[PDB]
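Single chain ahead, by itself, as structure tokens, in the form deposited in one PDB entry.
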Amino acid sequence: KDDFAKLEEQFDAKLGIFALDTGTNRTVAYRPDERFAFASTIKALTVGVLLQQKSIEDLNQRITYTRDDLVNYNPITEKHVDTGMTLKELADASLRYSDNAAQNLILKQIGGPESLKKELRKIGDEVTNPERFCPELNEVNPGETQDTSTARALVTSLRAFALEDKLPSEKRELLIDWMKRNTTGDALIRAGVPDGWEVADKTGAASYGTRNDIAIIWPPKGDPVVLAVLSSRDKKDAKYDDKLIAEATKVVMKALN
């Protein structure tokens, strides 16, 4: 409690923390219901919904696109404009590289932010507010609730898809594999977790120094932890520091042990 305030003190930032130990039902909450721009963590839920709406076979559908559908951070999708990419390959790119264009293509496919919100409401997430495609292209100003969620809701919806019954097991397995194989999170939740332990995570970064990671974390032996660490700062062009996330993860891990 004061460890998390210490981190807020040390990094001049606001933290939102929610963790669930699914083995004991122990919880670690710190501003659990405070809203942050969810930023690219929404990609994990976007794929959950894609997977609910498609057989694994249907993920082989090819999606074509041009250079004009690519804006900022498209490491995978910029390599394939000639051929396009299948839904499967877009999911991989979106989750493991946070390919922004891949995300936009998947979001279109599922019916846009309106359909994403519909499906999240259906799983009992009253908080996550998808509003815009690309939502990184627009600022979430303090007090704005469009494209925001909370640590607690993000954990709840992530557990629903990844760990519970919102997906049949072969699709839940695909989601988990992609997340475990994320390339973008080494300095975040993964840097705060004990060595060896498996981590499936999805990162995000926006304006106002927003720096997020959501994860499922497995102990050698036992049930997983599901965790959201959301952060933001006072100023629109504020810098973030990944260390804040890693260190907040350390505190959660302490508290769970």
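Note that residue numbering begins at 1 and tracks the sequence as displayed.
Looking at mean Cα B-factors across 23-31 and 40-48, the upper value is held by 23-31. Comparing the deposited coordinates for 123-131 and 150-158, the stretch with the larger average C-alpha B-factor is 123-131.
Taking the PDB entry at face value, the top CA B factor among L116, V71, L167, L105 belongs to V71. The entry assigns its greatest Cα B factor, within the set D177, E78, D99, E136, to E136. Sort the modelled residues of the chain by CA B factor and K221 lands in the highest third. Ranked by C-alpha B-factor against the other modelled residues of its chain, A246 falls in the middle third. Among the modelled residues of its chain, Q109 has a C-alpha B-factor that falls in the middle third, as given in the PDB entry. In the deposited entry, the Cα temperature factor of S207 sits in the top third of values across the chain's modelled residues.
Sort the modelled residues of the chain by CA B factor and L188 lands in the lowest third.
Missing here is the form solved in complex with a partner chain; even so, the following discussion is about that form.
Contact between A206 and its partner chain in the deposited bound form is not found at the 4.5 Å heavy atom cutoff.
Residue contact with its partner chain in the deposited bound form: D68 places a heavy atom within 4.5 Å of it. The closest non-hydrogen atom of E131 lies within 4.5 Å of its partner chain in the deposited bound form. In the deposited bound form, its partner chain stays beyond 4.5 Å of every heavy atom belonging to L59. Looking at its partner chain in the deposited bound form, residues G143, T145 and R233 place no heavy atom within 4.5 Å of it.
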